[PDB]
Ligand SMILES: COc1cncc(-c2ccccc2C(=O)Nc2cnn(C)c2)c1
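One chain comes next, on its own, written out as structure tokens in the form deposited without this ligand.
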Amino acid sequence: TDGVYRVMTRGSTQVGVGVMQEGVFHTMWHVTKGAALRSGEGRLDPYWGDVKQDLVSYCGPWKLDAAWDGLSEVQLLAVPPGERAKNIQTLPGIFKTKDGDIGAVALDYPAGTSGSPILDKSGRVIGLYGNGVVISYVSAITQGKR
């Protein structure tokens, strides 16, 4: 079922967050390390993963393809451990790399928020939160390839 989900491990703790879209679950590799996930009485198995991109998809190929437009405010749909999903609006900064520019959000939430989606004004997922640098933490807007 489409939506944003907590990734829990078993006491129970929230290790991250992910996005269900088009029958595929999307999260950051470092959240699950590719482990299988229980969803009801079913099991979701990894289908594609890449440590360098820090991304993994379950049940099918990576489906999220929208990208930041470079000018507009975005929203982090943050799902922190123990807190209701909440939308945080921000203008991304930029990671300048030898292979091009990547949007980045200067927002610092608990580690279990990793995998939370960043959204454009149309509600499309432009990437996931939780792989970044310290300058105060700055997350890349990490998007995969469809």
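For every residue, the number given is its place in the sequence shown, counted from 1.
Beyond what is shown, the protein has a form deposited with this ligand bound; the following relates to that form.
Not displayed here, this ligand is approached by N131 to within 4.5 Å at the level of heavy atoms in the deposited bound form.
Taking the partner from elsewhere, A111 is found to have a heavy atom lying within 4.5 Å of this ligand in the deposited bound form. Heavy atoms closer than or equal to 4.5 Å to this ligand in the deposited bound form belong, across 18-47, to one residue only: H30.
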